[PDB]
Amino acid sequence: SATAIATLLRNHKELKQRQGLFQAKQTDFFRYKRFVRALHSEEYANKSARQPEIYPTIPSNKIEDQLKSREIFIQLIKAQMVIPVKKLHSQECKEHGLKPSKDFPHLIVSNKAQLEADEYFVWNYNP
């Protein structure tokens, strides 16, 4: 179910996912709110319409939506298929013992995953 959702949304257009440098490998990363938009995409709606037993349905009441959206994403964090990260500004890479790249931002593991809108996450899963 964590695996099922991640497999379905791993490349979804609404993640607007970019490549960054994570522990020295090129890694896709995205903001939490754009993952929520993939949960509201029509792909997810049709798969939860047919297998609500695997893909949990997103209610329409706005606050049950928010809670069901984070419940789902927390399932991905616990399965270790996404990792919360910090996206470093270039001037910050020397504080962390890194050197900036022209083509990619540096990402480092984040202390806590409080699931705010623009929190960044890297994928840690390839189907």
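Each residue number is its position in the shown sequence, starting from 1.
In this PDB entry, the Cα temperature factor of residue 126 sits in the top third of its chain's modelled residues, the highest group. Remark: residue 60 belongs to the highest third of its chain, ranked by C-alpha B-factor as recorded.
In the PDB entry, residue 39 places in the lowest third of its chain by CA B-factor. When the modelled residues of the chain are ordered by their C-alpha B factor, residue 17 lands in the middle third. In the PDB entry, a CA B factor belonging to the highest third of its chain's modelled residues is recorded for residue 90.
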